[PDB]
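Worksheet for the structure shown next.
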Amino acid sequence: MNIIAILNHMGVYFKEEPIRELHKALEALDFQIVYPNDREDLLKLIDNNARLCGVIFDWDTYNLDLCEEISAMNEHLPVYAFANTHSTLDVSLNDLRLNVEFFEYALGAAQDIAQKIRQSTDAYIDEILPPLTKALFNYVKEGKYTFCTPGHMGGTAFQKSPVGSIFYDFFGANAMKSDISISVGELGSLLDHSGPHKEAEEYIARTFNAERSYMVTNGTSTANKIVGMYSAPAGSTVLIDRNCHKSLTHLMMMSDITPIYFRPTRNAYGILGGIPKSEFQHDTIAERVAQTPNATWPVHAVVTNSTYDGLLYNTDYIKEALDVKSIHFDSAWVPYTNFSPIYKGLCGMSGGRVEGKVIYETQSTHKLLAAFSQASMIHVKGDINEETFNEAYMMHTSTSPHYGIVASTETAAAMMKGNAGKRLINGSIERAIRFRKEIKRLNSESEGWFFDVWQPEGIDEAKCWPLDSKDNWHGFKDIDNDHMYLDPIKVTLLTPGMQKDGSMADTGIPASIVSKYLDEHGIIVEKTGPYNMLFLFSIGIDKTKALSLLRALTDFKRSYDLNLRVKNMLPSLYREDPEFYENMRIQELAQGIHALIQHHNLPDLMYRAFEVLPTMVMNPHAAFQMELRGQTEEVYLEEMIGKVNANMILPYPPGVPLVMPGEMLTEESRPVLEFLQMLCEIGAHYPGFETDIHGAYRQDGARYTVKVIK
Amino acid sequence: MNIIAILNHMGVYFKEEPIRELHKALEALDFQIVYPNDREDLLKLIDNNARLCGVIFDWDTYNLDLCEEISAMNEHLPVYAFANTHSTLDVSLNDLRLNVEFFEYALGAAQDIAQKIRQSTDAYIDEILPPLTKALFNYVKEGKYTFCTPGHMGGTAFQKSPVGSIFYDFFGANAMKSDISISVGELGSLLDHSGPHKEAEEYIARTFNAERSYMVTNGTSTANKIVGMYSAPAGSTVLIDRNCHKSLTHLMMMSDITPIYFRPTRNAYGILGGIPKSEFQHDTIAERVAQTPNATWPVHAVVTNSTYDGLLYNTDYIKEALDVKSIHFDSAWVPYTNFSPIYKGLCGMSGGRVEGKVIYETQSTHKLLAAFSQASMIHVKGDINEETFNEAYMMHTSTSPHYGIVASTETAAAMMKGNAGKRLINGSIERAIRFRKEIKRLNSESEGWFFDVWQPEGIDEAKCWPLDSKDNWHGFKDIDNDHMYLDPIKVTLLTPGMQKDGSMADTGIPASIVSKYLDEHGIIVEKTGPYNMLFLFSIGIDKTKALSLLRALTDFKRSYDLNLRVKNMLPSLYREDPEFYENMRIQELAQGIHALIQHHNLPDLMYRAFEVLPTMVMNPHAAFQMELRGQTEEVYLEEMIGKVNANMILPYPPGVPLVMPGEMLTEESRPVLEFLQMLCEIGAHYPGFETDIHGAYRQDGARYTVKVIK
Amino acid sequence: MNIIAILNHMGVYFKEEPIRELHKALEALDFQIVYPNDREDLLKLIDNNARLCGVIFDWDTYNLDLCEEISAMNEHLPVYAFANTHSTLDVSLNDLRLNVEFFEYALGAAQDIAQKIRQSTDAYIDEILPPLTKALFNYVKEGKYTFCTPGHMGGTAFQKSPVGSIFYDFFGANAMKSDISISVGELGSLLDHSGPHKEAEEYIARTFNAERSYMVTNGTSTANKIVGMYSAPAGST
């Protein structure tokens with residue numbers, strides 16, 4: 001952050017010679033000088049380069065409205081205006097609001113002006129940096145000797161070893177030097193919420209519209225565990241979204257709590273819909289409590305918002321209708337909701353505090369914002385026992401937190417702020433919408449089949465698109481109005497193979513093949529269903545990557561229409577089993593997998609399996625205790641009925657948990673088992689295309705076994 | 001890893017000209033050429049610079065025994081011998097065992113030889129790198145486009161923001177690019193133990209003498225929780241070292257397990273000793289089980305080995321004597337035991353598998369080896385249910401592990417290997433012993449008071465020094481023989497203020513003052529007790545730092561003997577409260593704190609408090625559950641008697657937990673309360689010297705409150 | 001304080017290449033490097049040049065008694081000893097009393113060592129400077145804008161005039177910038193004996209074996225008048 005732009009090159013020596021002297025003086029202070037040709041050049045340079053730290057221009061040539069244009073992009077960016085004919089009589093109050101510093105043309109004054117610019121640059125950096133990150137950077141500059149943990153002593157131990165020196169050279173000196181512990185009292189303590197850590201927490205809470213915020217260095221899995229254990233004492237009843245991350249299941253195995261499940265919807269593609277508005281009603285919950293052994297009125301509820309596929313709830317209705325004093329939105333997929341008006345009312349922190357309730361949001365800062373893996377945020381709005389919550393927090397936080405992860409959390413919060421952050425979020429949303437429109441246009445232009453995007457017909461402006469009962473693009477039967485919305489950021493592409501009425505088609509291209517092709521050409525997709533692919537158009541996606549994705553998709557279409565050999569299109573798949581893929585073309589593999597899916601009736605079987613709920617003989621805690629005591633055995637899928645499952649069965653082709661520990665299948669829940677059996681067969685017909693049944697163990701002979709209670 | 005050493009320059013053109021041509025060709029391949037003057041220069045240059053990647057020398061000038069000398073330092077370092085008069089008849093089998101590649105002198109052959117050297121360098125790097133780290137580095141060089149988590153997309157999002165660009169420039173491009181997720185299938189999955197992750201786990205298990213190893217990215221706290229949950233089902237009885245990390249208490253609050261406590265010893269300094277051999281006996285354990293309600297024969301025992309102060313147990317006796325089927329050594333402080341013969345029989349993984357038992361060792365790779373914070377290892381020797389253990393493991397591991405942390409764990413294992421790693425450990429041990437001897441020598445040289453090191457009188461060779469009953473240096477009364485040993489790496493310095501018979505002294509310098517002084521001069525200590533300081537002489541400590549520490553200690557002695565003002569000697573302490581420290585000298589502050597300690601009788605009170613155990617009305621799980629349900633009140637210290645504590649009380653001057661949740665004080669346990677009642681008073685007399693009572697809360701009025709069961 | 005002396009030039013690459021790299025790194029931090037030929041040359045160089053701010057030498061070649069010799073001329077002068085064969089077992093208490101900082105020979109470590117030497121030089125300067133003078137120099141480095149007396153505003157008025165510019169060029173920028181008043185509260189007040197002025201007075205009293213000391217800016221004529229008027233009331237002898 002050392003680039004200074006100097007705008008003009010005038011015709012008078014008394015201005016240019018001081019400017020040349022200042023350029024030399026700034027180069028002596030380790031600044032890189034750039035020379036935009038005109039105002040538009042300068043604006044584009046600021047727009048494309050976040051490392052610009054100052055702008056120098058002639059006030060006679062350009063009015064202070066140029067400073068307003070600069071401020072609209074970055075209101076903190078320092079601008080240095082050189083005054084010759086303008087006086088103090090020529091500045092208005094609004095002009096004085098801008099971050100402009102005035103100088104004069106004089107020979108021999110370059111040193112002092114360069115010093116002033118250096119100080120202004122330091123002030124700008126200090127202003128945009130968040131407090132904990134700034135403290136960490138300063139301490140690293142201090143360079144003290146440590147006889148304390150961590151043992152590498154700021155990277156010395158790495159430098160004393162050959163392989164260690166390779167590691168040190170890869171990760172850099174600063175990363176090693178910033179790996180410190182609480183022995184450094186100047187930075188405070190994460191566990192004690194002291195010093196710069198406390199200010200970082202307050203900074204994050206202010207930025208994310210939370211009454212209070214907590215930094216978690218073991219991911220939203222740990223954040224969910226902290227919130228759930230604070231909110232759900234042993235022997236209590238909890239409402240759980242059946243579309244829940246496995247961390248909630250880990251929490252249920254942690255302590256004796258009786259769950260009652262919200263029932264979500266799904267479409268023909270297996271895209272997970274939202275929970276219907278009825279499930280949040282008092283009567284439904286009371287009936288489920290009555291019909292569930294050892295169940296009382298729930299004291300805590302957990303809802304996944306948004307879904308993996310980008311479906312956001314109307315959270316105001318959930319807050320008003322759900323008669324439980326503790327509501328927790330697992331918002332791991334949407335940490336950006338506070339930073340765009342399109343998400344208003346669609347997130348847990350939206351609005352003010354709810355009377356008689358506490359609201360939690362768990363956010364994965366690493367997933368959709370810019371932070372290191374395992375960085376996570378807990379946001380609280382409402383009354384909590386802060387001391388008790390602190391002990392719940394300490395029970396899952398390491399005594400030696402990774403300071404880089406913590407700093408990355410704070411820095412993501414800081415990036416979210418100001419005109420620059422607003423531009424980043426808005427640009428990501430606009431880029432995603434432009435890509436969606438382009439996919440639609442290409443689909444219209446294609447003579448034959450082309451990729452389609454799962455979205456409403458006439459999307460024009462940036463907003464979350466409601467899912468309406470009249471519109472059938474979403475594929476959800478009898479959906480409630482003003483309930484679910486589509487996040488523009490989560491782009492779902494659809495391959496051919498499904499009809500508009502929810503039925504399958506004669507020909508189709510499984511999305512796994514497209515995913516493998518994209519991976520071969522350097523594009524990693526987030527998630528691949530049977531006929532859908534998910535692309536996260538986050539703030540890390542730029543125009544280059546979007547155009548690259550369009551090129552790769554059209555390249556796949558051209559290669560597929562050319563009936564290329566598998567050995568050519570998919571070298572890695574061929575390397576999996578050269579004998580199997582020796583000669584058959586890509587169309588043949590696509591049609592074979594499509595025919596397997598159709599004959600096994602994957603969509604209908606999946607929908608029926610996830611429509612019915614297996615009976616709960618015992619809660620997950622009891623099942624895990626039985627497994628720990630050894631009272632379990634391994635049986636094949638054939639003997640699933642009548643046996644209580646010990647492990648969460650999580651089929652990955654659907655991707656959502658299907659069986660919970662303590663649940664068993666019966667005659668009514670027979671379809672579930674059937675679907676599972678189907679998966680096994682699908683895994684035994686195409687190497688490289690292996691079905692994943694988490695919680696089941698792949699035994700020799702192309703079969704699966706599951707642990708059940710003895 | 002690009003420095004090539006060329007040894008000699010003989011007076012013949014037919015060798016010099018090919019050597020210069022090769023030097024130019026190697027410079028063209030991005031190698032840095034260095035020119036040692038002689039054999040000793042080359043050996044020292046290898047010794048001081050781990051970034052060397054090859055050695056070139058003339059076979060006529062130097063025999064192949066030089067290669068043996070090189071190999072003794074680094075057996076993988078490639079050596080290139082140029083043959084002129086020697087033929088294939090002049091190499092023995094032992095010479096051919098060395099990593100020597102032979103070349104010939106010829107004009108115009110520099111390009112081919114440089115290519116051969118480049119390939120040999122690549123082979124060397126591939127050989128020393130561990131598998132997961134190598135895979136990660138290769139993938140980073142691949143440069144794929146990602147539409148998947150993490151959201152920063154390899155650092156693009158950071159580069160699009162000003163503050164984000166500062167963060168990116170600090171941490172470097174590679175750290176951002178290596179932050180990936182399981183969407184990159186070619187690196188496998190930590191949770192599934194697949195691909196390079198499985199190879200990394202097997203590599204670590206081989207390196208650390210474990211049957212099975214697991215990588216944990218949330219610290220030894222999480223590792224302890226995983227082992228404890230796998231080993232201790234709800235309703236079971238568990239043996240816990242009373243000198244246990246707070247993670248074991250977190251596990252106790254996690255599940256309904258009844259603890260029975262091993263009682264450790266301590267000396268006058270508060271240095272925690274070991275559990276006596278009687279407490280591992282069947283009769284003592286059976287009596288304890290009969291004594292406490294709801295207790296059965298323990299199914300799991302946890303022992304801290306070593307102690308924070310470097311006391312290692314004879315683990316063979318513990319394994320043989322302890323009649324519990326599952327033994328877990330919390331070895332967070334000693335991850336290096338397998339890599340030096342001095343630690344044989346003093347660690348959990350020592351020896352073979354114990355019949356009828358499983359042995360666990362939890363290691364903090366970041367604390368004493370070279371790894372990032374939160375990197376931890378679980379080592380298992382014995383039979384476990386792998387599937388169930390995997391369930392416990394995934395219940396505590398994030399679904400998005402930080403790949404840098406994992407790679408750092410693997411890289412610490414790799415650094416531990418070979419002649420280079422053996423030299424690293426041995427050099428650390430020798431450096432610590434040299435520092436200990438120098439402290440003794442300086443103490444003898446000083447006419448007045450000087451720092452003393454807590455160790456036996458006549459230490460000569462590198463070994464763990466046994467704690468014998470005849471010797472009184474350790475200060476433990478009636479200690480068992482062949483039971484506890486001192487780790488040379490953990491250096492405890494003692495300040496004056498304590499006598500050799502365990503009684504206080506009229507004059508004394510509290511170690512907190514020395515610690516503050518050292519911090520002011522850029523030296524961070526690990527732990528500061530009342531009159532002891534702990535210095536970790538890890539592999540990250542070099543001779544420069546040790547000499548700096550000697551200089552700082554001598555400077556403190558000189559300043560203290562000169563009776564300097566606090567405003568000058570300790571500027572930060574003065575800035576804490578200028579009015580209080582306006583004019584007092586350093587000797588006055590030292591004597592005031594010493595007098596407070598003496599009058600309150602800190603040593604005797606602390607020892608008596610930790611000698612007697614509070615009664616356990618209920619296990620920590622029950623107290624934690626009652627805390628969650630709101631059945632708790634805040635009372636002052638004066639009301640500890642008869643009130644069941646809700647939270648673990650961890651006084652910092654001792655540093656070890658004093659009261660567990662569910663424990664209460666009685667007339668027999670009265671001294672504990674008194675000790676606590678003193679600590680606050682000590683913290684109320686000096687603004688910069690505050691006593692920390694963890695689990696107690698400091699509010700207005702300079703007092704402490706503790707939550708107790710209503 | 002920007003001249004650093006490097007004593008010797010041995011015959012081993014593993015020492016000389018780190019020394020050359022450190023020389024470049026110190027030149028990058030605005031240090032002037034000088035190379036005495038031997039110990040006597042170094043001692044004479046220290047004796048004749050008070051601007052020397054540090055000495056670098058090889059511990060294998062020279063024992064720490066050389067430091068003692070240096071300390072006999074300037075006990076605050078920082079000396080940097082490079083250790084190769086000597087360990088912590090080879091230093092006595094008396095040696096540790098000297099102002100010696102130890103380093104090691106390693107390629108690529110020149111940046112960190114140069115940073116350490118820069119910090120040690122700053123500490124040396126801070127140690128020898130008296131408190132008020134140090135405060136004045138620091139404030140001049142601050143470079144604030146003044147709308148207060150004196151009227152030249154740190155020399156701006158001089159620079160705006162031809163004859164004033166001659167005067168400013170003669171006396172230098174620092175002399176103009178250090179001409180301040182009590183409007184600058186951080187330096188305290190001479191009249192009120194506050195802030196750095198009080199510490200300067202105590203410093204002078206300690207140095208001159210006085211119970212109390214006062215600073216007079218109008219000469220011993222004024223000092224005599226102050227003492228005499230305090231001591232001799234009207235009508236006395």
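Going by the structure tokens order, chains are called A, B, ..., each with residues numbered from 1, while ligands are numbered from 1 in the order shown.
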
Per-residue nearest contacts of chain B to chain C (10 Å; only C-alpha atoms) as a Markdown table:
| residue | atom | partner | partner_atom | distance |
| --- | --- | --- | --- | --- |
| B:3 | CA | C:107 | CA | 10.0 |
| B:34 | CA | C:13 | CA | 8.0 |
| B:35 | CA | C:13 | CA | 6.8 |
| B:36 | CA | C:13 | CA | 5.2 |
| B:37 | CA | C:12 | CA | 5.9 |
| B:38 | CA | C:12 | CA | 7.8 |
| B:40 | CA | C:12 | CA | 8.6 |
| B:41 | CA | C:12 | CA | 5.6 |
| B:42 | CA | C:14 | CA | 7.8 |
| B:43 | CA | C:14 | CA | 9.3 |
| B:44 | CA | C:14 | CA | 6.8 |
| B:45 | CA | C:14 | CA | 5.2 |
| B:46 | CA | C:14 | CA | 9.0 |
| B:47 | CA | C:106 | CA | 9.6 |
| B:48 | CA | C:106 | CA | 5.9 |
| B:49 | CA | C:106 | CA | 6.3 |
| B:50 | CA | C:106 | CA | 9.6 |
| B:51 | CA | C:107 | CA | 8.9 |
| B:431 | CA | C:88 | CA | 8.3 |
| B:432 | CA | C:88 | CA | 9.8 |
| B:433 | CA | C:89 | CA | 9.8 |
| B:434 | CA | C:89 | CA | 6.1 |
| B:435 | CA | C:88 | CA | 6.1 |
| B:436 | CA | C:89 | CA | 9.2 |
| B:437 | CA | C:89 | CA | 7.2 |
| B:438 | CA | C:89 | CA | 5.3 |
| B:439 | CA | C:89 | CA | 9.0 |
| B:441 | CA | C:92 | CA | 8.2 |
| B:442 | CA | C:93 | CA | 5.9 |
| B:443 | CA | C:93 | CA | 8.9 |
| B:444 | CA | C:93 | CA | 9.9 |
| B:445 | CA | C:93 | CA | 6.9 |
| B:446 | CA | C:93 | CA | 7.2 |
| B:542 | CA | C:104 | CA | 9.1 |
| B:543 | CA | C:87 | CA | 7.0 |
| B:544 | CA | C:103 | CA | 5.4 |
| B:545 | CA | C:102 | CA | 8.5 |
| B:546 | CA | C:88 | CA | 7.1 |
| B:547 | CA | C:88 | CA | 6.0 |
| B:548 | CA | C:101 | CA | 7.0 |
| B:550 | CA | C:96 | CA | 7.3 |
| B:551 | CA | C:96 | CA | 5.6 |
| B:552 | CA | C:96 | CA | 8.9 |
| B:553 | CA | C:96 | CA | 9.2 |
| B:554 | CA | C:96 | CA | 6.4 |
| B:555 | CA | C:97 | CA | 7.0 |
| B:557 | CA | C:97 | CA | 9.7 |
| B:558 | CA | C:97 | CA | 7.9 |

Using C-alpha atoms, can you export the residues from the last selection as a JSON list (two decimals), in the first residue's frame?
[["chain", "number", "residue", "atom", "x", "y", "z"],
["B", 3, "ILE", "CA", 22.46, -22.43, -2.36],
["B", 34, "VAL", "CA", 28.87, -19.85, -2.59],
["B", 35, "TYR", "CA", 32.61, -20.55, -2.42],
["B", 36, "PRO", "CA", 33.96, -21.96, 0.85],
["B", 37, "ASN", "CA", 37.70, -21.52, 1.15],
["B", 38, "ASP", "CA", 38.48, -24.97, 2.58],
["B", 40, "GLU", "CA", 36.40, -26.64, 7.49],
["B", 41, "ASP", "CA", 34.75, -23.58, 5.95],
["B", 42, "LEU", "CA", 32.42, -25.85, 3.98],
["B", 43, "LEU", "CA", 31.53, -27.89, 7.08],
["B", 44, "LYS", "CA", 30.75, -24.78, 9.14],
["B", 45, "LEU", "CA", 28.71, -23.34, 6.26],
["B", 46, "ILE", "CA", 26.66, -26.55, 6.11],
["B", 47, "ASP", "CA", 26.26, -26.40, 9.89],
["B", 48, "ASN", "CA", 24.99, -22.81, 10.01],
["B", 49, "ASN", "CA", 22.83, -22.78, 6.87],
["B", 50, "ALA", "CA", 20.04, -25.31, 6.43],
["B", 51, "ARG", "CA", 19.19, -23.79, 3.03],
["B", 431, "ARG", "CA", 22.39, -25.54, 24.83],
["B", 432, "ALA", "CA", 20.06, -25.82, 27.83],
["B", 433, "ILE", "CA", 22.71, -27.69, 29.85],
["B", 434, "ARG", "CA", 25.37, -25.11, 28.96],
["B", 435, "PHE", "CA", 23.02, -22.34, 30.10],
["B", 436, "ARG", "CA", 22.37, -24.18, 33.39],
["B", 437, "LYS", "CA", 26.09, -24.59, 34.08],
["B", 438, "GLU", "CA", 26.69, -20.94, 33.23],
["B", 439, "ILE", "CA", 23.96, -19.83, 35.64],
["B", 441, "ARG", "CA", 29.06, -20.41, 37.50],
["B", 442, "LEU", "CA", 27.76, -16.83, 37.58],
["B", 443, "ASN", "CA", 26.03, -17.50, 40.90],
["B", 444, "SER", "CA", 29.34, -18.68, 42.33],
["B", 445, "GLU", "CA", 31.16, -15.67, 40.85],
["B", 446, "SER", "CA", 28.76, -13.04, 42.21],
["B", 542, "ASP", "CA", 19.72, -20.36, 19.62],
["B", 543, "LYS", "CA", 22.97, -19.17, 21.19],
["B", 544, "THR", "CA", 22.14, -15.53, 20.39],
["B", 545, "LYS", "CA", 18.98, -15.64, 22.51],
["B", 546, "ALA", "CA", 20.69, -17.46, 25.39],
["B", 547, "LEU", "CA", 23.49, -14.88, 25.52],
["B", 548, "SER", "CA", 20.87, -12.12, 25.32],
["B", 550, "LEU", "CA", 22.34, -13.79, 30.30],
["B", 551, "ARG", "CA", 22.98, -10.13, 29.47],
["B", 552, "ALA", "CA", 19.44, -9.16, 30.51],
["B", 553, "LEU", "CA", 19.69, -10.99, 33.84],
["B", 554, "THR", "CA", 23.05, -9.37, 34.61],
["B", 555, "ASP", "CA", 21.62, -5.97, 33.65],
["B", 557, "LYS", "CA", 21.10, -7.38, 38.84],
["B", 558, "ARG", "CA", 23.19, -4.27, 38.19]]

Give the helix (DSSP H, G or I) residues of region 267-298 of chain B, as DSSP finds them on the backbone, and put them as number ranges by chain.
-> B: 277-280, 282-291

Keeping only N, CA, C and O atoms, write those residues as a CSV table (one decimal), in the first residue's frame.
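Below is the file out22.csv, written as the result:
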chain,number,residue,atom,x,y,z
B,277,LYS,N,3.9,-42.9,44.2
B,277,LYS,CA,3.7,-44.2,43.6
B,277,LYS,C,2.6,-45.0,44.3
B,277,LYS,O,2.0,-45.9,43.8
B,278,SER,N,2.3,-44.6,45.6
B,278,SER,CA,1.2,-45.3,46.3
B,278,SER,C,-0.1,-45.0,45.6
B,278,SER,O,-1.0,-45.9,45.6
B,279,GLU,N,-0.3,-43.9,45.0
B,279,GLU,CA,-1.6,-43.5,44.5
B,279,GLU,C,-2.0,-44.3,43.2
B,279,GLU,O,-3.1,-44.2,42.7
B,280,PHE,N,-1.0,-45.0,42.6
B,280,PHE,CA,-1.3,-45.8,41.4
B,280,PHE,C,-1.6,-47.3,41.9
B,280,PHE,O,-1.8,-48.1,41.0
B,282,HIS,N,-3.5,-50.6,43.6
B,282,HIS,CA,-4.9,-51.1,43.5
B,282,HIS,C,-5.6,-50.8,44.8
B,282,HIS,O,-6.8,-50.4,44.8
B,283,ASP,N,-5.0,-50.9,46.0
B,283,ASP,CA,-5.6,-50.7,47.3
B,283,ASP,C,-6.1,-49.3,47.4
B,283,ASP,O,-7.2,-49.0,47.8
B,284,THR,N,-5.2,-48.3,47.1
B,284,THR,CA,-5.6,-46.9,47.3
B,284,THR,C,-6.8,-46.6,46.3
B,284,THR,O,-7.8,-45.9,46.8
B,285,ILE,N,-6.7,-47.0,45.1
B,285,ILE,CA,-7.8,-46.7,44.2
B,285,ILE,C,-9.1,-47.4,44.6
B,285,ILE,O,-10.2,-46.7,44.5
B,286,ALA,N,-9.1,-48.6,45.1
B,286,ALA,CA,-10.3,-49.3,45.5
B,286,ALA,C,-10.9,-48.6,46.7
B,286,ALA,O,-12.1,-48.4,46.8
B,287,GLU,N,-10.0,-48.1,47.7
B,287,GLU,CA,-10.5,-47.4,48.8
B,287,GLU,C,-11.2,-46.1,48.4
B,287,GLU,O,-12.2,-45.7,48.9
B,288,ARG,N,-10.6,-45.4,47.4
B,288,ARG,CA,-11.2,-44.2,46.9
B,288,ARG,C,-12.5,-44.4,46.2
B,288,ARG,O,-13.5,-43.7,46.4
B,289,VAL,N,-12.6,-45.5,45.5
B,289,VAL,CA,-13.8,-45.9,44.8
B,289,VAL,C,-14.9,-46.1,45.8
B,289,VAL,O,-16.1,-45.7,45.7
B,290,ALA,N,-14.6,-46.9,46.9
B,290,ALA,CA,-15.6,-47.1,47.9
B,290,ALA,C,-15.9,-45.8,48.7
B,290,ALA,O,-17.1,-45.7,49.2
B,291,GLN,N,-15.0,-44.9,48.7
B,291,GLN,CA,-15.3,-43.7,49.5
B,291,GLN,C,-16.3,-42.8,48.8
B,291,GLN,O,-17.2,-42.2,49.4

Would you list the contacts of residue 115 (chain C) as a PyMOL selection string, taking every protein, DNA or RNA residue within 9 Å and counting only C-alpha atoms, but skipping same-chain residues closer than 6 positions in sequence?
-> chain C and resi 25-26+29

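Compared by their closest atoms to chain A, and using only C-alpha atoms, the residues B:451, B:158, B:531, B:652 rank with B:158 nearest.
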
Nearby residues (only C-alpha atoms) at most 7 Å from residue 538 (chain A), same-chain spacing under 6 positions excluded, as a ChimeraX atom specification = /A:368,428,489 /B:151

How would you write, as a list in words, the set of residues in region 166-215 of chain A that DSSP gives as strand (DSSP E or B)?
-> residues 212, 213, 214 and 215 of chain A

Compile the contact shell of residue 361 (chain A) as an NGL selection string: residues with an atom at most 8 Å away, counting only C-alpha atoms, same-chain residues fewer than 4 positions apart removed.
-> :A and (328-331 or 348-349 or 377-380)

Test item: residues at most 9 Å from region 251-267 of chain A, only C-alpha atoms, excluding those fewer than 5 positions along its chain, as a ChimeraX atom specification | /A:224-226,228-229,232-243,246,272-276,279-280,285,288-289,292-296,298,303,474-477,502,603,607,610-611,613,618-625,661 /B:254-255,395

Surrounding residues of residue 309 (chain A) excluding itself and chain neighbours under 6 positions, 8 Å, only C-alpha atoms, as JSON, numbers by chain | {"A": [271, 272, 490, 492, 534]}

Pull C-alpha atoms from the residues just selected and write them as a short mmCIF file (atom, residue, chain, number, x, y, z; two decimals), in the first residue's frame.
data_model
loop_
_atom_site.label_atom_id
_atom_site.label_comp_id
_atom_site.auth_asym_id
_atom_site.auth_seq_id
_atom_site.Cartn_x
_atom_site.Cartn_y
_atom_site.Cartn_z
CA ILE A 271 -32.53 -28.99 -3.89
CA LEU A 272 -33.45 -28.48 -0.24
CA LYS A 490 -25.64 -18.84 -4.98
CA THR A 492 -27.25 -23.20 -9.42
CA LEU A 534 -23.50 -24.90 -7.37
#
